[PDB]
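> File entry-v1.cif follows (mmCIF, C-alpha atoms and all ligand atoms):
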```
data_target
#
loop_
_atom_site.group_PDB
_atom_site.id
_atom_site.type_symbol
_atom_site.label_atom_id
_atom_site.label_comp_id
_atom_site.auth_asym_id
_atom_site.auth_seq_id
_atom_site.Cartn_x
_atom_site.Cartn_y
_atom_site.Cartn_z
ATOM 1 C CA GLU A 5 -12.761 7.549 -5.301
ATOM 2 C CA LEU A 6 -10.719 5.782 -2.573
ATOM 3 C CA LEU A 7 -12.918 4.094 0.001
ATOM 4 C CA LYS A 8 -11.962 3.063 3.529
ATOM 5 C CA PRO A 9 -11.170 -0.666 3.697
ATOM 6 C CA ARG A 10 -13.220 -2.097 6.590
ATOM 7 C CA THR A 11 -11.325 -5.433 6.635
ATOM 8 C CA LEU A 12 -8.155 -6.973 5.186
ATOM 9 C CA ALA A 13 -10.497 -8.423 2.555
ATOM 10 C CA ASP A 14 -11.782 -4.911 1.667
ATOM 11 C CA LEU A 15 -8.252 -3.630 1.508
ATOM 12 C CA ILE A 16 -7.285 -6.442 -0.873
ATOM 13 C CA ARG A 17 -10.368 -5.390 -2.886
ATOM 14 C CA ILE A 18 -9.279 -1.801 -3.400
ATOM 15 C CA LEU A 19 -5.677 -2.637 -4.106
ATOM 16 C CA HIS A 20 -6.607 -4.721 -7.101
ATOM 17 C CA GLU A 21 -8.655 -1.669 -8.269
ATOM 18 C CA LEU A 22 -5.757 0.769 -7.762
ATOM 19 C CA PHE A 23 -3.241 -1.386 -9.667
ATOM 20 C CA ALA A 24 -5.819 -2.167 -12.376
ATOM 21 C CA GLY A 25 -3.589 -0.209 -14.752
ATOM 22 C CA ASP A 26 0.005 0.474 -15.805
ATOM 23 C CA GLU A 27 1.197 3.090 -13.365
ATOM 24 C CA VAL A 28 0.884 3.582 -9.620
ATOM 25 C CA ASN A 29 -0.566 6.491 -7.694
ATOM 26 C CA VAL A 30 1.706 6.039 -4.673
ATOM 27 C CA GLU A 31 -0.288 8.704 -2.911
ATOM 28 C CA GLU A 32 -3.581 6.890 -2.896
ATOM 29 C CA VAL A 33 -1.966 3.534 -2.099
ATOM 30 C CA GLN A 34 -0.359 4.856 1.077
ATOM 31 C CA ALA A 35 -3.605 6.500 2.257
ATOM 32 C CA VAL A 36 -5.756 3.380 1.793
ATOM 33 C CA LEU A 37 -3.116 1.029 3.252
ATOM 34 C CA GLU A 38 -2.958 3.439 6.179
ATOM 35 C CA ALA A 39 -6.774 3.575 6.185
ATOM 36 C CA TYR A 40 -7.265 -0.175 6.646
ATOM 37 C CA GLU A 41 -7.351 -0.554 10.434
ATOM 38 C CA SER A 42 -5.426 -3.680 11.394
ATOM 39 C CA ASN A 43 -7.626 -6.495 12.660
ATOM 40 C CA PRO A 44 -5.534 -9.381 14.056
ATOM 41 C CA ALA A 45 -8.089 -12.128 13.416
ATOM 42 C CA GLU A 46 -8.158 -11.121 9.742
ATOM 43 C CA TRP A 47 -4.493 -11.682 9.083
ATOM 44 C CA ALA A 48 -3.420 -14.217 11.767
ATOM 45 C CA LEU A 49 -3.326 -16.926 9.089
ATOM 46 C CA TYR A 50 -0.322 -15.238 7.538
ATOM 47 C CA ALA A 51 1.619 -14.212 10.631
ATOM 48 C CA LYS A 52 3.708 -17.373 11.167
ATOM 49 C CA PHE A 53 6.629 -16.675 13.441
ATOM 50 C CA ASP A 54 10.143 -18.162 13.264
ATOM 51 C CA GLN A 55 12.307 -17.893 16.370
ATOM 52 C CA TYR A 56 15.532 -16.896 14.622
ATOM 53 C CA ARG A 57 14.965 -14.056 12.074
ATOM 54 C CA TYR A 58 12.129 -12.589 10.116
ATOM 55 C CA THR A 59 10.241 -14.341 7.390
ATOM 56 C CA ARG A 60 8.030 -13.327 4.393
ATOM 57 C CA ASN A 61 4.471 -14.632 4.106
ATOM 58 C CA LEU A 62 2.701 -14.100 0.823
ATOM 59 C CA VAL A 63 -0.894 -12.941 1.145
ATOM 60 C CA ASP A 64 -1.877 -12.021 -2.421
ATOM 61 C CA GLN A 65 -0.109 -12.081 -5.791
ATOM 62 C CA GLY A 66 -2.034 -9.119 -7.136
ATOM 63 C CA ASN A 67 -2.890 -10.623 -10.503
ATOM 64 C CA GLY A 68 0.815 -10.086 -11.291
ATOM 65 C CA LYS A 69 0.914 -6.366 -10.509
ATOM 66 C CA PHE A 70 2.225 -6.719 -6.980
ATOM 67 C CA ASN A 71 2.997 -9.156 -4.228
ATOM 68 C CA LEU A 72 1.221 -8.220 -0.973
ATOM 69 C CA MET A 73 2.861 -9.964 2.034
ATOM 70 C CA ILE A 74 3.132 -9.996 5.836
ATOM 71 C CA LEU A 75 6.447 -10.077 7.708
ATOM 72 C CA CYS A 76 6.273 -10.929 11.393
ATOM 73 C CA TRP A 77 9.070 -9.702 13.588
ATOM 74 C CA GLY A 78 10.162 -11.515 16.656
ATOM 75 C CA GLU A 79 11.879 -9.567 19.426
ATOM 76 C CA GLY A 80 15.149 -8.125 18.134
ATOM 77 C CA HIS A 81 14.381 -9.095 14.531
ATOM 78 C CA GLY A 82 15.648 -6.862 11.755
ATOM 79 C CA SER A 83 16.962 -6.670 8.187
ATOM 80 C CA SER A 84 20.374 -5.961 6.596
ATOM 81 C CA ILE A 85 20.677 -2.709 4.515
ATOM 82 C CA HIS A 86 18.901 -3.358 1.245
ATOM 83 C CA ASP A 87 17.296 -1.796 -1.822
ATOM 84 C CA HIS A 88 13.984 -2.511 -3.599
ATOM 85 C CA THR A 89 14.795 -3.584 -7.102
ATOM 86 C CA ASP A 90 13.527 -0.527 -8.954
ATOM 87 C CA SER A 91 9.995 -1.235 -7.764
ATOM 88 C CA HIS A 92 7.677 0.587 -5.317
ATOM 89 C CA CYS A 93 7.674 -0.428 -1.601
ATOM 90 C CA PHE A 94 4.958 0.251 0.987
ATOM 91 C CA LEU A 95 5.235 -0.964 4.584
ATOM 92 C CA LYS A 96 2.327 -0.666 7.037
ATOM 93 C CA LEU A 97 2.543 -1.794 10.618
ATOM 94 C CA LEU A 98 -0.195 -4.275 11.576
ATOM 95 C CA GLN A 99 1.210 -4.829 15.105
ATOM 96 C CA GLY A 100 3.955 -3.048 17.016
ATOM 97 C CA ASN A 101 6.540 -0.574 15.770
ATOM 98 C CA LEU A 102 9.768 -0.854 13.710
ATOM 99 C CA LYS A 103 13.025 1.134 13.555
ATOM 100 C CA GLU A 104 13.844 2.256 9.978
ATOM 101 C CA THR A 105 17.419 3.383 9.295
ATOM 102 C CA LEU A 106 17.800 5.405 6.060
ATOM 103 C CA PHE A 107 21.042 5.352 4.084
ATOM 104 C CA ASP A 108 22.168 6.896 0.835
ATOM 105 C CA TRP A 109 23.489 4.708 -1.989
ATOM 106 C CA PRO A 110 27.261 4.321 -1.390
ATOM 107 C CA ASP A 111 29.682 6.326 -3.518
ATOM 108 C CA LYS A 112 32.450 3.989 -4.630
ATOM 109 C CA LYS A 113 35.152 3.911 -1.932
ATOM 110 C CA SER A 114 35.085 1.031 0.574
ATOM 111 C CA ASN A 115 33.765 3.545 3.133
ATOM 112 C CA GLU A 116 31.408 3.154 6.049
ATOM 113 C CA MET A 117 27.725 3.927 5.440
ATOM 114 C CA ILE A 118 26.478 6.663 7.786
ATOM 115 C CA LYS A 119 22.750 6.873 8.463
ATOM 116 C CA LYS A 120 20.952 9.702 6.666
ATOM 117 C CA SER A 121 17.898 9.627 8.972
ATOM 118 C CA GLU A 122 16.007 7.300 11.322
ATOM 119 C CA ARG A 123 12.513 6.918 12.728
ATOM 120 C CA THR A 124 10.044 4.682 14.464
ATOM 121 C CA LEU A 125 7.298 3.437 12.149
ATOM 122 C CA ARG A 126 4.208 3.177 14.338
ATOM 123 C CA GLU A 127 1.448 0.585 14.595
ATOM 124 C CA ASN A 128 -0.985 1.285 11.748
ATOM 125 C CA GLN A 129 1.138 3.793 9.831
ATOM 126 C CA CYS A 130 2.134 3.196 6.212
ATOM 127 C CA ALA A 131 5.520 4.259 4.936
ATOM 128 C CA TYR A 132 6.921 4.163 1.415
ATOM 129 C CA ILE A 133 10.341 3.843 -0.172
ATOM 130 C CA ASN A 134 11.917 3.279 -3.590
ATOM 131 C CA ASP A 135 15.462 3.150 -5.023
ATOM 132 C CA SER A 136 15.454 6.712 -6.352
ATOM 133 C CA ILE A 137 14.986 7.865 -2.715
ATOM 134 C CA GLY A 138 17.577 5.620 -1.052
ATOM 135 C CA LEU A 139 18.115 2.506 1.075
ATOM 136 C CA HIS A 140 16.971 1.436 4.505
ATOM 137 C CA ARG A 141 17.310 -1.106 7.322
ATOM 138 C CA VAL A 142 14.156 -2.379 9.103
ATOM 139 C CA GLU A 143 14.427 -3.502 12.767
ATOM 140 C CA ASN A 144 11.931 -4.397 15.558
ATOM 141 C CA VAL A 145 13.856 -2.788 18.479
ATOM 142 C CA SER A 146 11.791 -4.666 20.998
ATOM 143 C CA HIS A 147 13.077 -7.097 23.666
ATOM 144 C CA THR A 148 9.845 -8.799 24.495
ATOM 145 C CA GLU A 149 7.376 -7.870 21.772
ATOM 146 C CA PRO A 150 6.815 -9.269 18.227
ATOM 147 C CA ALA A 151 5.837 -6.867 15.358
ATOM 148 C CA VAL A 152 3.778 -7.609 12.229
ATOM 149 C CA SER A 153 4.052 -5.513 9.051
ATOM 150 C CA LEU A 154 2.112 -5.538 5.779
ATOM 151 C CA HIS A 155 4.249 -4.827 2.695
ATOM 152 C CA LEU A 156 3.223 -3.921 -0.880
ATOM 153 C CA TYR A 157 5.815 -4.224 -3.708
ATOM 154 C CA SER A 158 5.158 -3.391 -7.337
ATOM 155 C CA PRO A 159 6.321 -4.671 -9.676
ATOM 156 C CA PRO A 160 6.847 -7.854 -7.652
ATOM 157 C CA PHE A 161 10.498 -8.759 -6.890
ATOM 158 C CA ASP A 162 12.284 -11.562 -5.111
ATOM 159 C CA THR A 163 15.916 -10.570 -5.580
ATOM 160 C CA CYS A 164 17.597 -7.536 -4.006
ATOM 161 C CA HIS A 165 20.968 -6.455 -2.606
ATOM 162 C CA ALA A 166 22.142 -6.122 0.963
ATOM 163 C CA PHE A 167 24.766 -3.489 1.833
ATOM 164 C CA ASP A 168 27.484 -3.737 4.530
ATOM 165 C CA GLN A 169 27.261 -0.800 6.909
ATOM 166 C CA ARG A 170 31.033 -0.610 7.248
ATOM 167 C CA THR A 171 32.028 -0.598 3.558
ATOM 168 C CA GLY A 172 29.101 0.073 1.231
ATOM 169 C CA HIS A 173 29.824 -3.272 -0.432
ATOM 170 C CA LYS A 174 26.712 -4.927 -1.920
ATOM 171 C CA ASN A 175 25.642 -8.548 -2.470
ATOM 172 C CA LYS A 176 22.666 -9.914 -4.367
ATOM 173 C CA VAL A 177 20.152 -11.926 -2.349
ATOM 174 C CA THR A 178 17.230 -14.035 -3.691
ATOM 175 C CA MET A 179 14.596 -13.974 -0.983
ATOM 176 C CA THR A 180 12.141 -16.790 -0.325
ATOM 177 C CA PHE A 181 8.556 -16.922 0.923
ATOM 178 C CA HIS A 182 8.180 -18.661 4.301
ATOM 179 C CA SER A 183 4.512 -19.191 3.501
ATOM 180 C CA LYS A 184 2.165 -18.560 0.588
ATOM 181 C CA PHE A 185 -1.601 -18.168 1.092
ATOM 182 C CA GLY A 186 -1.605 -19.409 4.699
ATOM 183 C CA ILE A 187 0.462 -22.552 4.020
ATOM 184 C CA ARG A 188 4.076 -23.149 5.128
ATOM 185 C CA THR A 189 6.340 -23.403 2.028
ATOM 186 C CA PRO A 190 9.833 -24.949 2.693
HETATM 187 NI NI NI A 201 12.805 -2.804 2.612
#
```
Spit out the file's structure as structure tokens when you get a sec.

Amino acid sequence: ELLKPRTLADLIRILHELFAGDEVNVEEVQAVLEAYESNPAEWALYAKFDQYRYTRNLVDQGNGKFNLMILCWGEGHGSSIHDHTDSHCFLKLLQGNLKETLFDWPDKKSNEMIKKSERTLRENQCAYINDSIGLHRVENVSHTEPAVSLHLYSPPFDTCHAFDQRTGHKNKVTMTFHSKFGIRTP
């Protein structure tokens, strides 16, 4: 059965149990990620801020089944429009809130991308997205507050496309990890 993670350690524990196979029960993953109550002292080692944009901080490589990671968000920090490389994507807020702008995959004309829905992901909630559903932008709308979000991606992926909101054009991007296991990694 799915047990409540009492700490980030206990959450890491269950995740390795959930992905101990070949498929993914997205349902149970989102409930337990949501069930772990964020404890700042437990994940502060991974939340390394960068003044300019957001960064990705690896927390656990999931024995190859997934890359768990934390992405701090300075005031005003946000992403371009992107996809998730045919893999699952879970995003749980550990601190603050984030704006999520949903978009459909562009047709083919060099047309503007109109949002298909938006929402504020709240501190401690866990959302999910995958390519079949559609794309999204992530943005910390705050002017004086930093956000921290815990992401789960399976299978792991480092490359993905960004999409221009005015044309639907796409470009491949190969993301990098700011830190790995509580160590800066230039
Ligand atoms: Ni995303």
> Using only C-alpha atoms, find all polymer residues with an atom at most 10 Å away from the point (-8.0, -10.0, -2.3); report them as a PyMOL selection string.
chain A and resi 12-20+63-67+72
> Write the residues of the selection above to a file with C-alpha atoms, as a compact mmCIF listing (two decimals), in the frame of the given file.

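And here is the file that came out, again16.txt:
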```txt
# COMPACT_ATOMS: atom_id res chain seq x y z
CA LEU A 12 -8.15 -6.97 5.19
CA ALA A 13 -10.50 -8.42 2.56
CA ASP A 14 -11.78 -4.91 1.67
CA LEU A 15 -8.25 -3.63 1.51
CA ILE A 16 -7.28 -6.44 -0.87
CA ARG A 17 -10.37 -5.39 -2.89
CA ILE A 18 -9.28 -1.80 -3.40
CA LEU A 19 -5.68 -2.64 -4.11
CA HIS A 20 -6.61 -4.72 -7.10
CA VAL A 63 -0.89 -12.94 1.14
CA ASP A 64 -1.88 -12.02 -2.42
CA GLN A 65 -0.11 -12.08 -5.79
CA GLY A 66 -2.03 -9.12 -7.14
CA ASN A 67 -2.89 -10.62 -10.50
CA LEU A 72 1.22 -8.22 -0.97
```
> Please evaluate the PyMOL selection byres (((not hetatm)) within 7 of (chain A and resi 201)) against the structure above and give the resulting residues as a PyMOL selection string.
chain A and resi 86-88+140-142
> Out of A:29, A:24, A:60, A:43, which residue has the shortest atom-to-atom distance to residue A:190 when counting all atoms listed in the file?
A:60
> What would the selection look like, as JSON, numbers by chain, if the PyMOL selection byres (((chain A and resi 102) around 9) and not hetatm) were run on the coordinates I just shared?
{"A": [77, 82, 97, 100, 101, 103, 104, 123, 124, 125, 126, 127, 142, 143, 144, 145, 146, 151, 153]}
> Please enumerate the residues selected by the PyMOL selection byres (((chain A and resi 74) around 8) and not hetatm) when evaluated against the supplied file, formatted as a list in words.
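Here the PyMOL selection byres (((chain A and resi 74) around 8) and not hetatm) matches residues 50, 51, 60, 61, 62, 63, 72, 73, 75, 76, 152, 153, 154 and 155 of chain A.
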> Convert the current residue selection to file output with C-alpha atoms, as a compact mmCIF listing (two decimals), in the coordinates of the input.

```
# COMPACT_ATOMS: atom_id res chain seq x y z
CA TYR A 50 -0.32 -15.24 7.54
CA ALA A 51 1.62 -14.21 10.63
CA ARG A 60 8.03 -13.33 4.39
CA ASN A 61 4.47 -14.63 4.11
CA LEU A 62 2.70 -14.10 0.82
CA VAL A 63 -0.89 -12.94 1.14
CA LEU A 72 1.22 -8.22 -0.97
CA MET A 73 2.86 -9.96 2.03
CA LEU A 75 6.45 -10.08 7.71
CA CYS A 76 6.27 -10.93 11.39
CA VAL A 152 3.78 -7.61 12.23
CA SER A 153 4.05 -5.51 9.05
CA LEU A 154 2.11 -5.54 5.78
CA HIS A 155 4.25 -4.83 2.70
```
> Once you count only C-alpha atoms, which residues end up no further than 8 Å from (9.5, 2.3, 1.0) in the file's frame, shown as a list in words?
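Selection result: residues 92, 93, 94, 95, 131, 132, 133 and 134 of chain A.
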> Find the spatial neighbours of stretch 168-171 of chain A, counting all atoms listed in the file, within a cut-off of 12 Å - ignore same-chain residues fewer than 2 positions away - and output them as number ranges by chain.
A: 83-86, 105-119, 139-141, 165-166, 173-176
> In Å to one decimal, how far is atom CA of residue A:186 from atom CA of residue A:69?
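Between these atoms lies a distance of 20.2 Å.
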> So the first atom is atom CA of residue A:40 and the second is atom CA of residue A:9; what is the distance between them in Å, to one decimal place?
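Answer for the atom CA of residue A:40 to atom CA of residue A:9 separation: 4.9 Å.
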> What is the atom CA of residue A:26-atom CA of residue A:38 distance in Å, reported with one decimal?
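Calculated distance between atom CA of residue A:26 and atom CA of residue A:38 is 22.4 Å.
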> Closest to residue A:162 among A:5, A:149, A:32, A:90, using only C-alpha atoms?
A:90
> Find, counting only C-alpha atoms, the residue in A:33, A:98, A:164, A:39 that gets nearest to residue A:135.
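For residue A:135, the nearest of the candidates is A:164.
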> Rank A:177, A:36, A:187, A:45 by their smallest atom-to-atom distance to residue A:89, using all atoms listed in the file, and report the top residue only.
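Between A:177, A:36, A:187, A:45, the residue approaching residue A:89 most closely is A:177.
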> Output, as lines of an AutoDock Vina configuration file, the centre and edge lengths in Å (one decimal) of the axis-aligned box that contains all listed atoms of stretch 177-185 of chain A with 8 Å of margin on each side.

```
center_x = 9.3
center_y = -15.6
center_z = 0.3
size_x = 37.8
size_y = 23.3
size_z = 24.0
```
> My list of candidates is A:158, A:128, A:59, A:178. Which is closest to residue A:27 when distances are computed with all atoms listed in the file?
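Closest to residue A:27, using all atoms listed in the file: A:158.
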